[PDB]
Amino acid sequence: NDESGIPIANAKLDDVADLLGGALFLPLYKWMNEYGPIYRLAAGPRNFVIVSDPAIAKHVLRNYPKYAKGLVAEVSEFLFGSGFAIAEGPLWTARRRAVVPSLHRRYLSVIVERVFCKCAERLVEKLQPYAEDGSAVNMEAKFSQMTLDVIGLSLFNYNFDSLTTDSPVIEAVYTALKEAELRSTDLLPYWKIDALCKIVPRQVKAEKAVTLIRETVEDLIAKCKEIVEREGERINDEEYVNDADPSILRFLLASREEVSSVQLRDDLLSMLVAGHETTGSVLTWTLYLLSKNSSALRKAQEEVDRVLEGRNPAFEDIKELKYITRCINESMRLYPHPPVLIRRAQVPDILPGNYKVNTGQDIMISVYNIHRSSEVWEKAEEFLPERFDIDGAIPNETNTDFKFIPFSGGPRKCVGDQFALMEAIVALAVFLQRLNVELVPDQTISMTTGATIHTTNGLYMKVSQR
């Protein structure tokens, strides 16, 4: 008896291979069913308390900073620096308070028209050769390109244009994301030694990518700042949008909050990463789930046909795309990004159920387990958008009491939750408006986990014009 009350899972080498190899969800789910809503994984240097229970997850997520960001904030410092997605303390409090006002309703309304619809129409245009010749297209890569192009336009008013062609800065983005994922699974953090970073090929390539990304963002910031200062631009209304530059960067510069240039670069870089692959993966799995579930796809097309009659979605249309919203909600239930949330106890605490943890205890919340647990959800493995009241509030962690956790919760909740849901709704509505879609047969659509749940082998679809 270690007096904590927490059962200890018995992990074998095969389980550890899964934890390091992109199949993290597999042993964690198996151990949830064997040991219950909370258990310990102590594998070598690591010691995690793994939480698979709504009530405990709620306690952990709402009690920030008692449960602090922990290992995650430490492993991705190389990419984000002190950007507020991983910063803590008064810096975090101030930067989040400064950035959240940029995501207001008028800004969202402008972005829907000029960014979400524009990039989704561009996606459809890039699919026209496949619609004509009937061949298969990897929609997971296409959605990744679209959501990258969206986030860059929304943050900087700059189009990476990865839907059209590759570029050095685009390659650098994926190189940086890869490095962040590998660092979370390295057996030995050799990259802490600076001399090894100068000779190990993976590290000298990662360092070049991070430099190019940081330089690109710095140049974008300096160019916008020159305009803002020269023109004497300041925020004078509530819900401010510069009509010529409807970007978050412009809003933040116009607000004239005291912030260093590097902190602003780090802030925007953290939003670039936070808003790209997550949104692309949500759209990927939603499209997969609809292509497996003809009744849902039919109901989704019926809604977009009736609500829009072929028009582009406007901001005011989004609240009427109710079933399409619940399709995305149910996709995020079955496939949460990331599938686990990380915390670390900063003081001793007692979790609901009288489970005791000490200062320093690393915590893993398996959102995948909570969403797929038969103790939490009926028919947990089925794609049923109808499980949500189509006339009720859109489900989230507060109104389901953390049985559904699509955007985390508590003080560190995702700040782009309204933004991202609106991007998925608009892009999926435009897709379903313009294209029929079928899953190519004989594929194995399986999960590989990193910062998001992505497919192991791609998501190949056939499309045709509607």
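Note that residue numbering follows the sequence shown and begins at 1.
Undergrad: Per the record, averaged over C-alpha atoms, which has the higher B-factor: 184-192 or 141-149?
TA: According to the PDB entry, the answer is 184-192.
Undergrad: Comparing 343-351 with 213-221, which has the greater mean CA B-factor as deposited?
TA: The stretch with the larger mean CA B-factor is 213-221.
Undergrad: Using only the C-alpha B-factors in the record, can you name which of 76, 331, 284, 361 has the highest?
TA: Reading the PDB entry, the winner on C-alpha B-factor is 76.
Undergrad: Among 203, 162, 369, 93, where is the Cα B factor highest in this entry?
TA: In the PDB entry, the greatest C-alpha B-factor among 203, 162, 369, 93 is found at 203.
Undergrad: Would you check the entry's CA temperature factor for residue 446 and let me know if it's in the chain's lowest, middle or highest third?
TA: Answer is middle: the recorded C-alpha B-factor places it there.
Undergrad: If you rank the chain by CA B-factor, which third does residue 10 end up in: lowest, middle or highest?
TA: Residue 10: CA B-factor falls in the highest third of its chain.
Undergrad: Looking at the temperature factor on the CA atom of residue 398, which third of the chain's modelled residues does it land in?
TA: Residue 398: CA B-factor falls in the lowest third of its chain.
Undergrad: Looking at the entry's B-factor column for C-alpha atoms only, identify whether residue 320 ranks in the lowest, middle or highest third of its chain.
TA: For residue 320, the deposited C-alpha B-factor lands in the middle third.
Undergrad: In terms of the chain's CA B-factor thirds, is residue 250 lowest, middle or highest?
TA: For residue 250, whose C-alpha B-factor we compare with every modelled residue in the chain, the answer is the lowest third.
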